[PDB]
Amino acid sequence: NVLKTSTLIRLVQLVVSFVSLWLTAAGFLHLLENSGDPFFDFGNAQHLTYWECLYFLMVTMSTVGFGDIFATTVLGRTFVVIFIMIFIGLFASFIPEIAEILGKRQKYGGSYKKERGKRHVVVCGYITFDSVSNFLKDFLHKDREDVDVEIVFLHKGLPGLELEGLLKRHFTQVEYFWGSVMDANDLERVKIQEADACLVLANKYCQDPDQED
Amino acid sequence: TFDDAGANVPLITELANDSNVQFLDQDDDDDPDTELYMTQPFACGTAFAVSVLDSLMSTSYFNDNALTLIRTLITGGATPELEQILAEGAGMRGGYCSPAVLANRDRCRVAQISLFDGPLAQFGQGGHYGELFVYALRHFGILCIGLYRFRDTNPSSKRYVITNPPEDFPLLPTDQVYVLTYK
Ligand SMILES: [Ca+2]
Ligand SMILES: [Mg+2]
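Residue numbers (the authors' numbering), protein chains in the order written: chain D, 214 to 426; chain A, 853 to 856, 882 to 1031, 1037 to 1065.
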């Protein structure tokens, strides 16, 4: 029961399919080139290692094709032609789908580590660069008395690059987590048992204010 | 409040999404990954959802007769005849009726009764469920099927279901018992 999710199933299928076919095809070329061709009484042959064949198949399926190593038997060349027609499609589709699955990962997971004597405020609801910048410039304003309150944003989304820059400018006193106040697990992550308050911001410019309320 | 009682009033809530059961009550110790049937609001009978019924496909296959047992009870005694009369599109036809069809009034129903007072109170006073079952069946034809017990014993009004307890299961004077009954 270990391979629990559709993306982990697809990931392990892609990786092990690729590696097993690549290792297999490298053994097949190694057989043909070191055999030599039967039409020439096995006189036309190359003494490639398996590792040179494995490298040469990677260099050809990626379409780099250095030609430091190449097949010279008619069987190894016809195998390379068949391999090119098949494995360029595999490489060009598999490597982007691996990169997509590795890219689709939560970057603001994890948990608020409550410092020994500081207070914190949880903030949620309509969290965006426009709402957060207007909130922080009033909340952290120098005309207020100096108080060490951490702000902990909780939102079901990735920050845009403008907001991620703003969060990094306030790194000492502002933290952000992926999640929703609708989940008890996310409320525990933000440590809301011992937050000083929770602020629920509203989208004042929503298409309908009753769905927002 | 009605001081002119709040949470003392009994509710049953139909839920469109079983995950929303966690919002129905306080000090439940909610988790997102418990199945609906384990949650405190369902265990108390304060919540219901369609997701508990879909095994009636497999029970209808494995024992058709047992689905008619549930329905006789759950519909209060609807029949293929009544279903056909409604499917005739005329609406529910009725009137005065014969002694022959009125015989169907003498049929079993589910009822709930208390061990606080009356003849069965002797079992609530530190007896066991097996003693209660045999006594009620012998003296009254009352067939006990489970308990509805206060969750906490001391201050809340909430109670929970206990389907078919063991014979040596200890009773409390505050318990109520679910019974199949004929009058
Ligand atoms: Ca709750
Ligand atoms: Mg901090």
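Virtual Cβ for every residue (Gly too), placed ideally from N, Cα, C.
Comparing alpha-carbon positions, which option in the options lies nearest residue i?
i                       : options                        : result
residue 1027 of chain A : A/889, A/970, A/892, A/885     : A/885
residue 373 of chain D  : D/343, D/356, D/359            : D/343
residue 1040 of chain A : A/1020, A/962, A/896, A/922    : A/922
residue 402 of chain D  : D/319, D/391, D/409            : D/391
residue 1046 of chain A : A/1007, A/1019, A/969          : A/1007
residue 367 of chain D  : D/335, D/229, D/234            : D/335
residue 265 of chain D  : D/277, D/394, D/380, D/243     : D/243
residue 345 of chain D  : D/415, D/302, D/319            : D/415
residue 1043 of chain A : A/1030, A/1053, A/1023, A/1052 : A/1023
residue 328 of chain D  : D/357, D/362, D/347            : D/362
residue 907 of chain A  : D/400, D/411, D/410, D/381     : D/400
residue 1025 of chain A : A/934, A/897, A/1056, A/948    : A/1056
residue 983 of chain A  : A/1059, A/953, A/1038, A/900   : A/953
residue 347 of chain D  : D/376, D/370, D/358, D/360     : D/376
residue 926 of chain A  : A/967, A/976, A/998, A/913     : A/913
residue 996 of chain A  : A/929, A/955, A/1012           : A/1012
residue 928 of chain A  : A/945, A/898, A/941, A/883     : A/898
residue 1051 of chain A : A/1010, A/940, A/990, A/931    : A/1010
What are the start and end residues of the alpha helix (DSSP H) that includes residue i?
i                       : result
residue 412 of chain D  : That residue, residue 412 of chain D, is in no alpha helix (DSSP H); its beta strand (DSSP E) goes 410-414.
residue 393 of chain D  : It is not in any alpha helix (DSSP H) - residue 393 of chain D carries neither H nor E in the DSSP assignment.
residue 1016 of chain A : 1006-1017
residue 948 of chain A  : 941-951
residue 272 of chain D  : 263-274
residue 991 of chain A  : Premise fails: residue 991 of chain A lies in the beta strand (DSSP E), 986-991, not in any alpha helix (DSSP H).
residue 386 of chain D  : Residue 386 of chain D -> no alpha helix (DSSP H), and no H or E assigned at all.
residue 968 of chain A  : Here residue 968 of chain A belongs to no alpha helix (DSSP H), and DSSP marks it neither H nor E.
residue 282 of chain D  : First-last for residue 282 of chain D: undefined, no H or E at that position.
residue 302 of chain D  : 287-316
residue 1041 of chain A : Note, residue 1041 of chain A: premise wrong, no alpha helix (DSSP H); beta strand (DSSP E) at 1041-1045.
residue 1001 of chain A : 998-1001
residue 345 of chain D  : 342-352
residue 333 of chain D  : Looking at the DSSP string, residue 333 of chain D is not in any alpha helix (DSSP H); the run it does join, the beta strand (DSSP E), is 332-338.
residue 918 of chain A  : 917-920
residue 358 of chain D  : Where residue 358 of chain D is concerned, there is no enclosing alpha helix (DSSP H), given that its DSSP letter is neither H nor E.
residue 231 of chain D  : 219-248
residue 882 of chain A  : Per DSSP, residue 882 of chain A belongs to no alpha helix (DSSP H) and is neither H nor E.
residue 372 of chain D  : Here residue 372 of chain D belongs to no alpha helix (DSSP H), and DSSP marks it neither H nor E.
residue 963 of chain A  : 957-964
residue 979 of chain A  : 976-979
residue 425 of chain D  : 422-425
How would you call residue i, buried or exposed, if buried means at least 16 neighbouring beta carbons within 10 angstroms?
i                       : result
residue 323 of chain D  : exposed
residue 1021 of chain A : buried
residue 888 of chain A  : exposed
residue 903 of chain A  : exposed
residue 364 of chain D  : buried
residue 951 of chain A  : exposed
residue 315 of chain D  : exposed
residue 918 of chain A  : buried
residue 216 of chain D  : exposed
residue 854 of chain A  : exposed
residue 330 of chain D  : exposed
residue 273 of chain D  : buried
residue 236 of chain D  : exposed
residue 418 of chain D  : exposed
residue 284 of chain D  : buried
residue 1003 of chain A : exposed
residue 384 of chain D  : exposed
residue 916 of chain A  : buried
residue 1001 of chain A : buried
residue 980 of chain A  : exposed
residue 340 of chain D  : buried
residue 293 of chain D  : buried
residue 313 of chain D  : exposed
Under 7 Å Cβ-Cβ, which residues of chain A neighbour residue i?
i                      : result
residue 396 of chain D : 909
For ligand 4, is there a heavy atom less than 6 Å away from the beta-carbon of residue i?
i                      : result
residue 989 of chain A : Although ligand 4 was asked about, the structure shown includes only ligand 1 and ligand 2 as ligands.
Residue range of the beta strand (DSSP E) that residue i falls in?
i                       : result
residue 1022 of chain A : 1020-1027
residue 365 of chain D  : 362-368
residue 891 of chain A  : 890-892
residue 1063 of chain A : 1058-1063
residue 925 of chain A  : 924-926
Give me the Cβ distance between residue i and residue j, rounded to the nearest whole Å; I'm assuming they're in contact under 8 Å.
i                       : j                       : result
residue 250 of chain D  : residue 288 of chain D  : 5 Å
residue 892 of chain A  : residue 920 of chain A  : Going by Cβ atoms, the distance from residue 892 of chain A to residue 920 of chain A rounds to 14 Å, so no, they are not a contact pair.
residue 1016 of chain A : residue 1049 of chain A : Not a contact, Cβ separation roughly 18 Å.
residue 321 of chain D  : residue 404 of chain D  : Actually they are not in contact, since the Cβ atoms of residue 321 of chain D and residue 404 of chain D sit about 15 Å apart, beyond 8 Å.
residue 333 of chain D  : residue 408 of chain D  : 5 Å
residue 938 of chain A  : residue 985 of chain A  : About 26 Å; that fails the 8 Å criterion.
residue 246 of chain D  : residue 226 of chain D  : So it is not a contact: roughly 30 Å between Cβ atoms.
residue 240 of chain D  : residue 263 of chain D  : 7 Å
residue 231 of chain D  : residue 352 of chain D  : With 8 Å as the limit, residue 231 of chain D and residue 352 of chain D do not qualify as a contact, their Cβ atoms being about 51 Å apart.
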